[PDB]
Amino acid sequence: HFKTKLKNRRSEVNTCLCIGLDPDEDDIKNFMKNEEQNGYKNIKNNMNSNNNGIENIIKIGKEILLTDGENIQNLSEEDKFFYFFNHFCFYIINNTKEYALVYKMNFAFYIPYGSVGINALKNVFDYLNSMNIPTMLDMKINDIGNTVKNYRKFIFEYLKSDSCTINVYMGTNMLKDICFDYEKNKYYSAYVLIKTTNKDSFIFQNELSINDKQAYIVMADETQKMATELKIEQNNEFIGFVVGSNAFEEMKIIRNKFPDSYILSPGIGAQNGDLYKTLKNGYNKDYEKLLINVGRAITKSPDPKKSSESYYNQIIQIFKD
(Lines of atoms letter the chains of each structure in order from A and count residues from 1; the text may use other names and numbers.)
(Lines give C-alpha, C1' and ligand atoms only; values in the text may rest on other atoms or scores of the structure.)
Protein backbone atom coordinates (compact mmCIF):
# COMPACT_ATOMS: atom_id res chain seq x y z
CA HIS A 1 0.00 0.00 0.00
CA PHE A 2 1.41 3.30 -1.23
CA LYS A 3 0.27 5.57 1.67
CA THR A 4 2.06 3.33 4.19
CA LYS A 5 5.05 2.71 1.91
CA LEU A 6 5.66 6.50 1.62
CA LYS A 7 5.10 7.16 5.36
CA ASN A 8 7.54 4.34 6.07
CA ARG A 9 10.33 5.26 3.53
CA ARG A 10 10.19 8.85 4.88
CA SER A 11 11.03 7.62 8.42
CA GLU A 12 13.97 5.96 6.63
CA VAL A 13 15.17 9.13 4.80
CA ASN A 14 13.35 12.11 6.43
CA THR A 15 12.90 14.01 3.11
CA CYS A 16 10.61 15.22 0.29
CA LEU A 17 13.12 14.45 -2.42
CA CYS A 18 11.66 12.81 -5.50
CA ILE A 19 14.49 12.03 -7.94
CA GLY A 20 13.70 12.18 -11.70
CA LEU A 21 15.46 9.53 -13.74
CA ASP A 22 15.15 10.80 -17.34
CA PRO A 23 18.25 9.60 -19.15
CA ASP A 24 19.05 11.13 -22.50
CA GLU A 25 21.51 10.58 -25.28
CA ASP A 26 24.14 13.04 -23.85
CA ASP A 27 23.97 11.27 -20.41
CA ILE A 28 24.86 7.97 -21.97
CA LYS A 29 27.70 9.59 -24.02
CA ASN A 30 29.02 11.32 -20.96
CA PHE A 31 28.77 8.18 -18.78
CA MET A 32 30.60 6.09 -21.37
CA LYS A 33 33.40 8.64 -21.54
CA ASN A 34 33.49 8.94 -17.73
CA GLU A 35 33.83 5.10 -17.46
CA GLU A 36 36.49 4.88 -20.17
CA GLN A 37 38.50 7.51 -18.22
CA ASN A 38 37.98 6.06 -14.73
CA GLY A 39 38.54 2.36 -15.57
CA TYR A 40 34.81 1.50 -15.23
CA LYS A 41 34.78 2.56 -11.60
CA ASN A 42 31.00 3.06 -11.53
CA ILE A 43 30.08 0.03 -13.54
CA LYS A 44 32.35 -2.02 -11.26
CA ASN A 45 30.31 -0.68 -8.29
CA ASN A 46 27.07 -1.61 -10.14
CA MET A 47 28.35 -5.25 -10.46
CA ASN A 48 28.35 -5.44 -6.64
CA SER A 49 25.54 -3.13 -5.46
CA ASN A 50 22.06 -3.88 -3.99
CA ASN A 51 23.41 -7.10 -2.62
CA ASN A 52 24.55 -8.31 -6.05
CA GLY A 53 21.34 -6.93 -7.58
CA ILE A 54 22.14 -7.39 -11.27
CA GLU A 55 22.92 -11.12 -10.86
CA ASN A 56 19.99 -11.78 -8.50
CA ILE A 57 17.25 -9.42 -9.83
CA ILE A 58 17.70 -8.43 -13.51
CA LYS A 59 15.87 -10.81 -15.91
CA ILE A 60 16.27 -9.02 -19.26
CA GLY A 61 19.76 -8.86 -20.80
CA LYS A 62 21.55 -9.96 -17.59
CA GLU A 63 24.49 -11.56 -19.43
CA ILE A 64 25.05 -8.36 -21.43
CA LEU A 65 24.92 -6.22 -18.25
CA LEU A 66 27.45 -8.52 -16.48
CA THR A 67 29.99 -8.01 -19.24
CA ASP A 68 33.33 -6.74 -18.00
CA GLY A 69 33.77 -3.05 -18.90
CA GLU A 70 36.90 -4.11 -20.81
CA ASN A 71 35.04 -6.53 -23.15
CA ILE A 72 32.47 -4.04 -24.37
CA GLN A 73 33.87 -4.05 -27.99
CA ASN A 74 32.50 -7.60 -28.25
CA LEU A 75 28.88 -6.31 -28.07
CA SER A 76 26.60 -5.14 -30.89
CA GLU A 77 25.85 -1.47 -31.38
CA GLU A 78 22.45 -2.14 -29.82
CA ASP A 79 23.73 -4.31 -26.91
CA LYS A 80 26.34 -1.62 -26.31
CA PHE A 81 23.62 1.10 -25.96
CA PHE A 82 21.48 -1.21 -23.71
CA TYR A 83 24.56 -1.81 -21.50
CA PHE A 84 25.41 1.90 -20.83
CA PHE A 85 21.83 3.03 -20.68
CA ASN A 86 20.99 0.44 -17.96
CA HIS A 87 24.33 1.04 -16.22
CA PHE A 88 23.76 4.78 -16.19
CA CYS A 89 20.41 4.15 -14.54
CA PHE A 90 21.85 1.78 -11.84
CA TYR A 91 24.70 4.27 -11.21
CA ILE A 92 22.22 7.10 -10.41
CA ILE A 93 20.02 5.02 -8.08
CA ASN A 94 23.13 3.38 -6.37
CA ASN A 95 24.48 6.93 -5.67
CA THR A 96 21.36 8.87 -4.77
CA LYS A 97 19.13 6.41 -3.02
CA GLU A 98 20.21 7.34 0.50
CA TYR A 99 18.53 10.71 -0.20
CA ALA A 100 15.52 9.62 -2.23
CA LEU A 101 12.01 9.18 -1.00
CA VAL A 102 10.82 8.15 -4.52
CA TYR A 103 12.13 7.89 -8.06
CA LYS A 104 10.04 9.18 -10.95
CA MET A 105 10.84 7.74 -14.39
CA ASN A 106 9.39 9.74 -17.27
CA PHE A 107 8.31 7.14 -19.94
CA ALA A 108 9.22 9.53 -22.83
CA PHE A 109 12.90 8.90 -22.18
CA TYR A 110 12.58 5.13 -22.43
CA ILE A 111 10.41 4.60 -25.50
CA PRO A 112 12.39 6.24 -28.37
CA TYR A 113 14.70 3.25 -28.88
CA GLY A 114 11.68 0.85 -29.07
CA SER A 115 12.22 -2.40 -27.09
CA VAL A 116 15.76 -1.51 -25.98
CA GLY A 117 14.59 1.29 -23.59
CA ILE A 118 11.44 -0.52 -22.46
CA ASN A 119 13.58 -3.47 -21.46
CA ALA A 120 15.76 -1.01 -19.50
CA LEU A 121 12.74 0.58 -17.91
CA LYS A 122 11.56 -2.88 -16.66
CA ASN A 123 15.07 -3.53 -15.25
CA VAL A 124 14.90 -0.15 -13.49
CA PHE A 125 11.53 -0.78 -11.76
CA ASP A 126 12.59 -4.40 -10.84
CA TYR A 127 15.83 -3.02 -9.35
CA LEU A 128 14.04 -0.32 -7.38
CA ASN A 129 11.24 -2.71 -6.26
CA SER A 130 13.96 -5.10 -5.04
CA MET A 131 14.86 -2.38 -2.50
CA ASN A 132 11.28 -1.46 -1.70
CA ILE A 133 11.99 2.11 -2.85
CA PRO A 134 8.82 4.05 -3.81
CA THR A 135 8.44 4.44 -7.63
CA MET A 136 6.46 6.51 -10.15
CA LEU A 137 6.09 6.32 -13.94
CA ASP A 138 5.54 9.78 -15.35
CA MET A 139 3.58 9.02 -18.57
CA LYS A 140 0.68 11.53 -18.39
CA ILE A 141 -1.69 8.73 -19.59
CA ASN A 142 -5.17 9.24 -20.98
CA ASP A 143 -7.69 7.45 -23.08
CA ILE A 144 -11.21 5.90 -22.81
CA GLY A 145 -11.99 3.42 -20.04
CA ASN A 146 -11.56 0.20 -21.99
CA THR A 147 -8.32 1.47 -23.57
CA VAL A 148 -6.74 2.75 -20.32
CA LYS A 149 -7.01 -0.57 -18.60
CA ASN A 150 -4.06 -1.39 -20.90
CA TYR A 151 -1.96 1.30 -19.22
CA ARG A 152 -3.05 -0.02 -15.82
CA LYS A 153 -1.67 -3.43 -16.83
CA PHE A 154 1.64 -2.00 -18.14
CA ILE A 155 2.28 0.38 -15.27
CA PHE A 156 0.89 -1.50 -12.31
CA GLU A 157 1.19 -5.18 -13.23
CA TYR A 158 4.12 -5.41 -15.58
CA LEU A 159 6.43 -2.61 -14.33
CA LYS A 160 4.81 -2.90 -10.85
CA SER A 161 5.15 0.83 -10.29
CA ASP A 162 3.61 2.35 -7.14
CA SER A 163 2.14 5.33 -9.00
CA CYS A 164 1.83 7.23 -12.28
CA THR A 165 0.80 10.55 -13.69
CA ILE A 166 -2.58 10.96 -15.49
CA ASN A 167 -4.07 13.66 -17.65
CA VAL A 168 -7.83 13.80 -16.98
CA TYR A 169 -8.76 16.47 -19.52
CA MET A 170 -10.93 13.85 -21.30
CA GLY A 171 -12.68 13.22 -17.93
CA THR A 172 -12.42 11.60 -14.51
CA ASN A 173 -14.23 8.30 -15.33
CA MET A 174 -10.85 7.05 -16.59
CA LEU A 175 -9.56 7.09 -13.01
CA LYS A 176 -11.88 4.15 -12.34
CA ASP A 177 -10.01 2.10 -14.93
CA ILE A 178 -6.43 3.16 -14.07
CA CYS A 179 -6.50 3.38 -10.26
CA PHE A 180 -8.88 0.44 -9.63
CA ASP A 181 -8.94 -3.22 -10.70
CA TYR A 182 -12.47 -4.49 -9.80
CA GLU A 183 -11.77 -8.23 -10.35
CA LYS A 184 -8.75 -8.04 -8.01
CA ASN A 185 -10.23 -5.37 -5.71
CA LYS A 186 -6.81 -3.64 -6.08
CA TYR A 187 -6.15 0.09 -6.00
CA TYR A 188 -3.21 1.90 -7.49
CA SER A 189 -2.05 5.43 -6.60
CA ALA A 190 -1.56 8.28 -9.08
CA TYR A 191 -1.11 12.01 -9.48
CA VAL A 192 -3.35 13.99 -11.78
CA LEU A 193 -2.06 17.01 -13.87
CA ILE A 194 -3.27 20.26 -12.33
CA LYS A 195 -0.64 22.92 -13.02
CA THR A 196 2.21 22.04 -15.26
CA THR A 197 5.64 23.60 -15.50
CA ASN A 198 5.67 24.54 -19.26
CA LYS A 199 5.72 28.28 -19.86
CA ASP A 200 2.41 28.49 -21.74
CA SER A 201 0.58 26.41 -19.05
CA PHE A 202 -1.80 29.31 -18.28
CA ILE A 203 -3.45 28.88 -21.72
CA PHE A 204 -6.11 26.30 -20.56
CA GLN A 205 -5.38 25.65 -16.89
CA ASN A 206 -5.79 29.37 -16.07
CA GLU A 207 -7.73 31.08 -18.84
CA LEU A 208 -10.58 28.51 -18.71
CA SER A 209 -13.08 28.70 -15.90
CA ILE A 210 -16.58 27.88 -14.64
CA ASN A 211 -17.75 31.30 -13.32
CA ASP A 212 -14.19 32.60 -12.69
CA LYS A 213 -13.28 29.38 -10.87
CA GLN A 214 -10.23 28.50 -12.95
CA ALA A 215 -9.86 25.20 -14.83
CA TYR A 216 -7.08 23.80 -12.64
CA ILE A 217 -9.29 24.08 -9.47
CA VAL A 218 -12.33 22.57 -11.25
CA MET A 219 -10.13 19.63 -12.29
CA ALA A 220 -8.79 19.28 -8.74
CA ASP A 221 -12.35 19.22 -7.34
CA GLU A 222 -13.59 16.70 -9.91
CA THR A 223 -10.52 14.58 -9.35
CA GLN A 224 -11.13 14.34 -5.59
CA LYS A 225 -14.87 13.83 -5.94
CA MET A 226 -13.94 10.84 -8.17
CA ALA A 227 -11.32 9.63 -5.69
CA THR A 228 -13.97 9.68 -2.94
CA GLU A 229 -16.54 7.95 -5.18
CA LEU A 230 -13.91 5.29 -5.69
CA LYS A 231 -13.20 4.84 -1.95
CA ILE A 232 -9.50 4.70 -2.95
CA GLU A 233 -8.15 5.63 0.49
CA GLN A 234 -10.07 2.77 2.12
CA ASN A 235 -7.27 0.80 0.56
CA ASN A 236 -4.48 3.14 1.75
CA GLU A 237 -3.94 4.55 -1.77
CA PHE A 238 -4.67 8.03 -3.14
CA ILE A 239 -5.14 10.18 -6.20
CA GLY A 240 -3.01 13.36 -5.88
CA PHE A 241 -2.06 16.43 -7.87
CA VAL A 242 0.75 17.70 -10.05
CA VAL A 243 1.38 21.42 -9.34
CA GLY A 244 4.68 22.79 -10.72
CA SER A 245 7.25 24.54 -8.47
CA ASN A 246 6.93 27.64 -10.73
CA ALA A 247 3.23 27.87 -9.86
CA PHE A 248 3.48 28.82 -6.17
CA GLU A 249 0.28 30.93 -6.21
CA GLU A 250 -1.72 27.97 -7.56
CA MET A 251 0.23 25.81 -5.05
CA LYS A 252 -1.23 27.89 -2.21
CA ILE A 253 -4.78 27.64 -3.50
CA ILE A 254 -4.56 23.82 -3.85
CA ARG A 255 -2.94 22.94 -0.48
CA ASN A 256 -5.41 25.27 1.34
CA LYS A 257 -8.48 23.82 -0.46
CA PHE A 258 -7.12 20.24 -0.17
CA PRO A 259 -5.02 20.06 2.98
CA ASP A 260 -4.56 16.29 3.05
CA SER A 261 -3.89 15.96 -0.71
CA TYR A 262 -0.74 14.19 -1.96
CA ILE A 263 1.09 16.66 -4.29
CA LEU A 264 3.94 16.27 -6.78
CA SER A 265 5.96 19.37 -7.60
CA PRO A 266 8.40 19.20 -10.59
CA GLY A 267 10.54 21.86 -12.14
CA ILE A 268 13.24 22.40 -9.45
CA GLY A 269 16.76 22.84 -10.89
CA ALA A 270 16.82 22.72 -14.74
CA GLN A 271 13.34 24.28 -15.10
CA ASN A 272 14.17 27.14 -12.65
CA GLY A 273 11.32 26.48 -10.16
CA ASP A 274 11.27 28.28 -6.76
CA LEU A 275 12.03 25.84 -3.85
CA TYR A 276 11.09 28.09 -0.86
CA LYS A 277 7.75 29.48 -2.17
CA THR A 278 6.88 25.90 -3.22
CA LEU A 279 7.52 24.28 0.18
CA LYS A 280 6.02 27.22 2.15
CA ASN A 281 2.85 27.21 0.09
CA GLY A 282 2.60 23.44 -0.28
CA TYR A 283 3.80 22.42 3.18
CA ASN A 284 2.37 19.41 4.88
CA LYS A 285 3.50 18.02 8.26
CA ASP A 286 3.67 14.68 6.48
CA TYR A 287 6.55 15.26 4.07
CA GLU A 288 5.59 12.54 1.50
CA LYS A 289 2.46 14.66 0.78
CA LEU A 290 4.70 17.10 -1.11
CA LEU A 291 7.22 15.43 -3.41
CA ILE A 292 9.87 17.78 -4.72
CA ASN A 293 11.13 16.29 -8.01
CA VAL A 294 14.61 16.97 -9.16
CA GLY A 295 15.80 15.42 -12.37
CA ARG A 296 18.59 16.87 -14.54
CA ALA A 297 20.14 18.97 -11.74
CA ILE A 298 20.98 15.54 -10.21
CA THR A 299 21.41 13.16 -13.22
CA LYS A 300 23.56 15.62 -15.19
CA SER A 301 25.66 16.47 -12.08
CA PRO A 302 29.40 15.38 -12.05
CA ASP A 303 28.49 13.98 -8.62
CA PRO A 304 24.80 12.99 -8.32
CA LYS A 305 25.19 11.79 -4.64
CA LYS A 306 26.48 15.24 -3.74
CA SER A 307 23.87 17.04 -5.87
CA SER A 308 21.15 14.99 -4.20
CA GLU A 309 22.65 15.71 -0.78
CA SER A 310 22.53 19.45 -1.72
CA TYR A 311 18.75 19.40 -2.37
CA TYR A 312 18.21 17.19 0.68
CA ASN A 313 20.16 19.69 2.86
CA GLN A 314 18.39 22.61 1.11
CA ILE A 315 15.03 21.13 2.14
CA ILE A 316 16.05 20.34 5.79
CA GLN A 317 16.86 24.05 6.17
CA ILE A 318 13.78 25.71 4.60
CA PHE A 319 11.75 23.46 6.92
CA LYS A 320 13.66 24.85 9.90
CA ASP A 321 12.53 28.32 8.84
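Each residue number is its position in the shown sequence, starting from 1.
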As stated in the PDB record, which stretch has the larger average Cα B-factor, 172-180 or 227-235? 227-235
As the entry reports it, the stretch among 205-213 and 100-108 with higher mean C-alpha B factor is 205-213
Residue with maximal Cα B-factor (values as given in the PDB entry) among 74, 95, 196, 123: 74
In this crystal structure's PDB entry, the residue among 45, 278, 293, 30 with the greatest CA B factor is 278
Ranked against its chain, the third holding the CA B-factor of residue 165: lowest
Relative C-alpha B-factor of residue 251, binned into the chain's lowest, middle or highest third: highest
Divide the modelled residues of the chain into thirds by Cα B-factor and specify which third, lowest, middle or highest, holds residue 19. lowest
Residue 12 - Cα temperature factor, lowest/middle/highest third of chain: highest
Going by the entry, which third of its chain does the Cα temperature factor of residue 313 land in? highest
